[PDB]
Amino acid sequence: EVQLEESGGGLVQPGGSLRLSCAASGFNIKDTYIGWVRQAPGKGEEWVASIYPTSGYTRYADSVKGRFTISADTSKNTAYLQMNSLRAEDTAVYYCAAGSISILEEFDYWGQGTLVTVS
Ligand SMILES: C[As](C)(=O)[O-]
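Reading the values: the criteria
- Residues numbered from 1 in each chain as written, not as in the entry; some residues may be left out.
- Heavy atoms only, no water.
- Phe/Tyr/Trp six-rings, centres within 6.5 Å; stacked < 30°, edge-to-face > 60°.
- Buried < 20%, exposed > 50% of the residue type's maximum accessible area, 1.4 Å probe, protein only.
- Core = buried A, V, L, I, M, F, W, Y, C linked by side-chain atoms within 4.5 Å.
- Helix = DSSP H or I, 4+ residues; strand = E, 2+ residues; numbered from the N terminus.
- Contact = heavy atoms within 4.5 Å.
- Disulfide = S-S within 2.5 Å.
- Polar contact = N/O pair within 3.5 Å; in protein donor to acceptor, adjacent residues only side chain to side chain.

The name given to the protein in the PDB entry is DesAb-anti-HSA-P1, with the source organism recorded as synthetic construct. Looking at the PDB record, one finds the entry titled "Crystal structure of the designed antibody DesAb-anti-HSA-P1".

Visitor: Give a detailed account of the packing of aromatic side chains, specifying residues and quantitative values.
Guide: For the structure shown, the criterion picks out 6 aromatic pairs. Seen in terms of ring centroids, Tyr95 and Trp110 are 6.4 Å apart; in terms of plane orientation they differ by 75°. Their pairing is edge-to-face. On the basis of relative accessible area, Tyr95 is assigned to the partly exposed category, the value being 22%. Three or more aromatic residues link up through ring pairs in this structure, and these residues are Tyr33, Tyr52, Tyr57, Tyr95, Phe107 and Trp110.

Visitor: Tell me about the nonpolar core, residues and numbers included.
Guide: By size, the foremost hydrophobic cluster in this structure holds 32 residues, and its most contacted members are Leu20, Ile34, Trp36, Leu81, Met83, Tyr94 and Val116. Per-element tally for this core: the top contributor is strand 9 (residues 92-100), with 5 residues.

Visitor: An account of the environment of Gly35 is needed here, citing residue identities and associated values.
Guide: Residue position: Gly35 is located in strand 4 (residues 32-39). Owing to a relative accessible area of 0%, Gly35 belongs among the buried residues under this scheme. Measuring from C-alpha to C-alpha, the distance between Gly35 and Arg67 comes to 16 Å, with 32 residues separating the pair along the chain. Residues contacting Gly35, with those up to four places away along its chain left out, are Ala49, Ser50, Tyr95, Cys96, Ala97 and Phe107.

Visitor: I'd like to hear about the state of the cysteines, residue by residue, with values.
Guide: What we call a disulfide is simply a covalent bond connecting the sulfur atoms of a pair of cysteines. Applying the stated rule across the entire model yields 1 disulfide. Note that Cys22 is cross-linked by a disulfide to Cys96, the S-S spacing being 2.0 Å. Disulfide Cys22-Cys96: the torsion about the S-S bond is -70°, which places it as left-handed. Of the two residues, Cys22 is situated in strand 3 (residues 18-25) and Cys96 in strand 9; the sequence distance between them amounts to 74 residues. The same class applies to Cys22 as to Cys96, namely buried.

Visitor: Tell me about the side chain of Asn77, and name the residues and values.
Guide: The residue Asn77 is located in the loop between strand 7 (68-73) and strand 8 (78-83) in this model. Within the structure, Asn77 has its side chain in polar contact with the backbone nitrogen of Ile29 (distance 3.0 Å). If near-sequence neighbours (up to four positions away) are discounted, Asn77 is found in contact with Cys22, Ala23, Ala24, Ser25, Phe27, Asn28 and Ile29.

Visitor: Help me get a handle on unusual backbone geometry, residues and values and all.
Guide: The phi dihedral of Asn77 falls on the positive side, at around 50°, and the residue is not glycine. Among the residues examined, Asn77 registers a relative accessible area of 14% and is labelled buried. The phi dihedral of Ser85 falls on the positive side, at around 45°, and the residue is not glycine. The residue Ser85 is located in the loop between strand 8 and strand 9 in this model. Owing to a relative accessible area of 41%, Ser85 belongs among the partly exposed residues under this scheme.

Following this line, the structure appears as structure tokens:
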């Protein structure tokens, strides 16, 4: 009865920007941390960011600091990832994940992924 649904993926030119959304259902995101994890085809998982929506506290992987911004709209029970200055190395499936209040083994719920392709 819990779902995470990502959207916003697609094709982006190098240097471009993209905003992903993660709509949560079956729980209140204020009761959790929501995270974004990416994995390219043929490569391993990389956690990029987490947010605690009730407090606004955010955490970023060093590799995306400044370039990526994680946010939430608790009125829509939705988290977002703003990605700027995209490079080929950012090509990946981006998964939203959540856990009841940097590690991917601390998430209870996982989305379906949304594919981001940088030319
Ligand atoms: C969560 As961190 C990479 O800013 O110590």
